[PDB]
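Participant: show me how the following folds:
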Amino acid sequence: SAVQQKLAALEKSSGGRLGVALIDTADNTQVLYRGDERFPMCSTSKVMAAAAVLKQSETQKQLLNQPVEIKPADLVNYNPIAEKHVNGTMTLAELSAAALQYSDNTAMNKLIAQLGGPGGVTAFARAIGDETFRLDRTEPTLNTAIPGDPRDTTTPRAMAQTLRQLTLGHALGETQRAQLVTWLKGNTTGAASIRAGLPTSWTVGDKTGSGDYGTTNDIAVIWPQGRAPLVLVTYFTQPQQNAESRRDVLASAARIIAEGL
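Facilitator: Residues are numbered from 1 along each chain as shown. And now the structure:
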């Protein structure tokens, strides 16, 4: 398709490795570029951790209001929200919001612990049919994004399907699903990524991700005004360990996808 040639040309111009998966829910059509290759998830993994806690709250009705202590030792490299509550508490809801909307790494680590470790996040993925997702480490080491390293990776295809189920399908209860959508729609870190490649009139909920090897990711649900929603995953990684983020590549990929729908 014209789109796959344009995505290939974008990738060639960028010097990196680009992975894209679009699902059009209007007709369930998929557009894939390196859709079955593994990419480091980085902070896009935080969606699965939040969704797993949400699933727990279906049975533990009060779980999200459970206070969790933030101790100094819990603080890692990037904790914009947890920092504000050191030696205090945050609820599991507040921690979920912080992980998704501010990409707080301490918050993410508290969610993993609530789930009994990285194996508890991966287990939820398997439970909802994602056999590709694997979370092996905690923050910040899950962001090393070493070429060839299968730890803490997924594929664009797999993440797109899973993100659809969590947000548009019924992998989660109705209330949990809505809460996740509300959290994603209030993301604050995505203005320069997928959102920058799309019409301003479209509503977007997304979770960005970044790590070493210039890894620059964004996963998003898109509600075009007067049209079925779309799921768009864009993964991008580069061959130099100290490469700079390339959020423009994600916007450009979104723009190329928008040209055709």
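Participant: going by C-alpha atoms from here, please, whenever you check contacts or count neighbours.
Facilitator: Fine.
Participant: which residues touch the most far-flung residue of the chain relative to its centre?
Facilitator: Within the chain, the residue lying farthest from the chain centre (Cα atoms, centre = their mean) is residue 87, at 28.6 Å. Residue 87 makes contact with 69, 70, 71, 72 under the criterion Cα atoms under 8 Å, 6 or more residues apart in numbering.
Participant: cool, residue 133 as well?
Facilitator: Residue 133 makes contacts with 122, 125, 126, 152, 153, 154, 155, 158, 159, as judged by Cα under 8 Å, 6+ apart.
Participant: from the residues you listed, which ones fall inside helices?
Facilitator: Restricting those to those inside helices, with DSSP state H as the criterion, leaves 122, 125, 126, 158, 159.
Participant: what's the burial count for the last one?
Facilitator: So that's residue 159. The number of residues packed near residue 159 is 27, by other Cα atoms under 10 Å.
Participant: now the strands for the protein?
Facilitator: Remark: strands of the chain, listed N- to C-terminal, are 17-24, 29-33, 39-40, 67-70, 88-91, 153-154, 203-210, 216-223, 230-237; assignment by DSSP state E.
Participant: which residues touch the fifth one?
Facilitator: Read it as strand 88-91. Strand 88-91 is touched from outside by 64, 65, 66, 67, 68, 69, 70, 71, 82, with contacts defined as Cα under 8 Å, 6+ apart.
Participant: ok so, going back, can you select the buried ones among the contacts of residue 133 for me in ChimeraX?
Facilitator: The buried residues among these can be selected in ChimeraX (16 or more other Cα atoms under 10 Å) with this line:
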select :122,125,152,153,154,155,158,159
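Participant: how far away is residue 73 from residue 109?
Facilitator: When distances are taken as Cα to Cα, to the nearest Å, residue 73 and residue 109 turn out to be 12 Å apart.
Participant: between those two, who's got more neighbours?
Facilitator: Between residue 73 and residue 109, residue 109 has the larger neighbour count (other Cα under 10 Å), namely 24 against 8.
Participant: residue 92 versus that one, what's the distance?
Facilitator: Distance from residue 109 to residue 92, counting by Cα to Cα: 12 Å.
Participant: what about the closest residue to residue 202 other than its chain neighbours, how many neighbours?
Facilitator: Taking Cα to Cα, 6 or more residues apart in numbering as the measure, residue 202 lies nearest to residue 224, with 4.7 Å between them; neighbours along the chain are not counted. Using other Cα under 10 Å, the number of residues around residue 224 comes to 16.
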